[PDB]
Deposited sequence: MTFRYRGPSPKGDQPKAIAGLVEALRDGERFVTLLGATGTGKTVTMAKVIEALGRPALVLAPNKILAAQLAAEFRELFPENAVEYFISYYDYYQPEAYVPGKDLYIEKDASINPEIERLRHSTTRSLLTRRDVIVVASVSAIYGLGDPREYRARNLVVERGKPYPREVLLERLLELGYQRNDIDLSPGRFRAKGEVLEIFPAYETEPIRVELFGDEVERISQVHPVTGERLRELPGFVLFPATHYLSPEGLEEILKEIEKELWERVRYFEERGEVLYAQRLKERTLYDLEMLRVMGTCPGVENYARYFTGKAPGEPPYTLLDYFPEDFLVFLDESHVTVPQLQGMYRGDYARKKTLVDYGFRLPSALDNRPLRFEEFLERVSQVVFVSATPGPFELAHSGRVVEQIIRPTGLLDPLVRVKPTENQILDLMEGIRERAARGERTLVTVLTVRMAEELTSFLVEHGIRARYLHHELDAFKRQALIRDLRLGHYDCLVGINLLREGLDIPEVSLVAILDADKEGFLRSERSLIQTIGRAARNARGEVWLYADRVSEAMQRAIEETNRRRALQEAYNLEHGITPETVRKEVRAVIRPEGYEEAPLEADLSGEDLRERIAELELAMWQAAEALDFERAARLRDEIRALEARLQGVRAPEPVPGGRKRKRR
């Protein structure tokens, strides 16, 4: 049972909630929430979750949005369990090998304790409460230990109770303490649970869950035997090919791990032997976070037009990177079984799915048994006016438009199609009195968000880039979005992409989008019509309720 404490639903949220709830209660497996930018999709998801009272998983297209959603849900359900199943492949380097330059890359060690802490807090809550909402990036869905063992291996709250501490994955280190380590300096225990930020001093209640998701198994001895059996078979494979270097590499690394496991029941990169620990057969789908949820959990795929394709391509992407480590003797073929799920395998592990997007993709449109939209924004803000302007004298027209807006405190976003164009336009604008910066495609997150942050803070007035479908670009001061080569083919000029880009001007009471082109492509035509449809519906709602837009 959840306890919603956020703002009451306004605009189209009430209608969206209900209908969405009605569809789910009627047993629809696939449902889509078609919600324009700024209509408050998080609150809608939250009320649906509250109404159904089932634990939920919300997947986002990237780590920035994932973190953002987690933070919002925590504020909306201050008394329930909101988890962020962050993944190590989000901020750190995984093991890898690039044939191109024969360079092998080790995964980062001694990572920030917050990573594993958040992950353990997630599995712990899922096995102790129903009022749980888990947010995660799609990439987070990867092989994980067997949930049965993780579950059946707990410690309820003497002296034998320090034989348990270890068969749960906890390690000794009286020196410095770490989450998932114990300190026994005499008659006094100090367990630091893998999911806590505050250790537990024991002298003279709670429930301790394992410190690892791949904790030791049944015939540990017998398991190391099966792994070594695969090792020599694979060594022979290389030997017969004359690839002595690969045979040597695989032998040394595998024997090192086997020895490590025989002396600590664990070893760095233990996940690679996942299948041996879960007893899964080769090729079979591994256990994942999904298996830790109750059978009736609800799934939300935020930005579904992006997240669905991500879920569809995860397996292939991972296979390519892993297959390389296998081909050159760094890992056993069995490491391939510690992988992401194929899309169909994912669908086999979920019951009901709610797709969320302002521009739902083909999968959601062909499969949803119900599409519920929310167009009216709680704020009453209108979708922008969209104009089509000639390419003749585009830059001069744009420049005067930008300077006019900067004069009165308004910002401009500009999208071009090539790097040369982005480079030249930016320098040209700067040389003509405009505070413009270039959002280079090589910029990573936070750095990309740092630049965007400066625009939000008003350090400059115009941001030029190729792909503007980035996070954090919904700024109230942006009143103009200019799209050069608006009629050219390509992903960034598709119907959906145009609609998404147009939305960057919907947080300003005077928002406008200028499409520079000498012809109207079908994508433009459709995007213009949809923006007009939304604007008209919201103007009608505002008229009826006596609301007049204002920027804020």
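Gaps between the deposited sequence and the modelled structure occur at positions 1, 159-165, 213-235, 584-665.
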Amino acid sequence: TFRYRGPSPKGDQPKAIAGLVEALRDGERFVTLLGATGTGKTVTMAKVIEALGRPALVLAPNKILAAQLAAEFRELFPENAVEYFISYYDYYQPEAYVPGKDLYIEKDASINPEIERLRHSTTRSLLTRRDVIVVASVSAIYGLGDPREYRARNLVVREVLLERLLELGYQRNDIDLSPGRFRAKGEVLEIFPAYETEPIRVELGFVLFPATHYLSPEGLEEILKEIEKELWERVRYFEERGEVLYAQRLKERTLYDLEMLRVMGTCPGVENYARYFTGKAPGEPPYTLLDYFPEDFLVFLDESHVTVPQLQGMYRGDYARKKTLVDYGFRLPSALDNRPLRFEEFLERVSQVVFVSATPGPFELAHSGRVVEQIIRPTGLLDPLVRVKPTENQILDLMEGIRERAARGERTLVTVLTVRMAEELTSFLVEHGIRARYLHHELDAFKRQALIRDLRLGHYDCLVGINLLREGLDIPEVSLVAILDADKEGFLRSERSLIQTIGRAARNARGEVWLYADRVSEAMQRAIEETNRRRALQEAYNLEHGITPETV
From here on, numbers count along this sequence of modelled residues.
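As the entry records it, the average C-alpha temperature factor is higher for 63-71, out of 512-520 and 63-71. Looking at 398-406 and 316-324 together, the entry lists the larger mean B-factor for 316-324, computed on C-alpha atoms.
Highest CA B-factor among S357, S137, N173, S479, as stated in the entry: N173. Between the residues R435, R249, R236, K225, the entry's highest C-alpha temperature factor is the one at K225.
Per-chain ranking of the deposited C-alpha B factor places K447 in the highest third. The entry lists a Cα temperature factor for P333 that places it in the middle third of the chain's modelled residues.
Annotation for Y89: C-alpha temperature factor in the highest third relative to the rest of the modelled chain, per the entry.
Annotation for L258: CA B-factor lies in the highest third of the chain's modelled residues. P340 sits in the middle third of its chain by CA B factor, as recorded in the PDB entry.
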